[PDB]
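Just one chain follows, in the form deposited in one PDB entry, and it is written as structure tokens.
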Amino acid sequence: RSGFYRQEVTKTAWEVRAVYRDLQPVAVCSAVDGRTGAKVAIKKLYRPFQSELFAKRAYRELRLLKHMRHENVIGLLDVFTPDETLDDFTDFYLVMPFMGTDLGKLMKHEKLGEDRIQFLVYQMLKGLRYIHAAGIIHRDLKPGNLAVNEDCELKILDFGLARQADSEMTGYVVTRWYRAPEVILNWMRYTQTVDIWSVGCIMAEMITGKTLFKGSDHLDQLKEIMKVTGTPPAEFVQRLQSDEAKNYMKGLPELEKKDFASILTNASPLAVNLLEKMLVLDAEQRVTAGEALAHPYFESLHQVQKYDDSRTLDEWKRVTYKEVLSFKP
């Protein structure tokens, strides 16, 4: 086949290539490359040029995906747009290999198990070490953004909130239950370690089966975390730059740090130790992906090019359109 075609998926309308066949939702769709017979994943960027925040993310997602190359990080097979000219170029689609299902769904159906949980987390971390060594920050590691196939292979998904690590980044980032405390206590100045926090909540969730810190709102999330990691010293919270965070932590009781083994019922000793090292409140003492991998937990399993880069709604739209057409499979 050749050309394009349109279809009613859920509530949305897609205009994929004629070759990509039999679409199925999972917004992302699972199609089949008519040319080979291999299942594929097609992601439609939802109105990417509806704002500057949306455009910026769309371009960042395309760009990082086009750059990164790792066995544990999703890759592009094709990227296209059914818009023939820059003038009416409203959207574009990303094509990645179908990876089975996401960790979130996988956990809802079945309980994992020691060997499995280890293998999966090892992979999250190699993928992370790569993304980080490359100077990139993910900002959204959660079960739903981690794909796992039949052979238990994993690939980190969704770079929609990712970017190149810098000193002062955008504040409201990471999905709440996987959001590290400093995203709020240290508004706009968190680091790549936030992704280690997310990996800890994720690893913790795989073991227990329950969400580790299920908070009602961003501030309440702090309380949920604190109930486990204890609260920081009172003199520290006094000097907090963020008013919102300072007031909240002030009214909050004075909680003590609980032993992790007391929470993780049937978890292993080394697993508890690693988690303890990943979920430390102090971003600095918090283990890195490299260090994480080096841990005795990953015993039975034990260089990169930094990403580089350089606006109006039409500037993002144009800069993006260029990166779409310059794609080589």
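By rigid core we mean the largest C-alpha set that fits within 1.5 Å across both forms. One-based numbering along the sequence shown.
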Can you tell me how many deposited residues have no coordinates between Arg35 and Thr36? The categories are none, 1 to 3, 4 to 9, and 10 or more. none
Unmodelled stretch of the deposited sequence separating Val26 from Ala27, binned as none, 1 to 3, 4 to 9 or 10 or more: 4 to 9
Higher of the two mean Cα B-factors (146-154, 108-116; per PDB record) comes from 108-116
Do the C-alpha atoms of 256-264 or of 60-68 have the higher average B factor in the entry? 256-264
Highest recorded Cα temperature factor - choice among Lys277, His302, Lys39, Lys43: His302
Reading the B-factor column for Cα atoms of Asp102, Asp220, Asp91, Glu182, the highest value belongs to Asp91
Among all modelled residues of this chain, ranked by Cα B factor, put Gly127 in the bottom, middle or top third, i.e. lowest, middle or highest. lowest
In terms of its chain's C-alpha B-factors, the third that includes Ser30 is the lowest
Assert third(CA B-factor, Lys250) within chain per record equals highest
Sorting the chain's modelled residues by C-alpha B-factor, tell me whether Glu205 ends up in the lowest, middle or highest third. lowest
Assigned third (lowest, middle, highest) for the C-alpha B factor of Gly75: lowest
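Omitted from view is the form deposited in another entry, to which the following refers.
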With the two forms fitted on the rigid core, I'd like to know which residue in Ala147, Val73, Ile137, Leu185 is displaced by 2 angstroms or more at its CA between the shown form and the other one. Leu185
Superposing on the rigid core, does the Cα of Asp243 end up 2 Å or more away between the shown form and the other one? yes
Any chance the CA of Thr208 moves 2 angstroms or more between the shown form and the other one, core superposed? no
Core-aligned, is the CA shift for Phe260 between the shown form and the other one 2 angstroms or more? no
The CA atoms of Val174 and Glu276 move 3 Å or more in the other form, ending up farther
Outcome for the Cα pair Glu284, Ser242 in the other form, compared with this form (closer or farther; change of 3 Å or more): farther
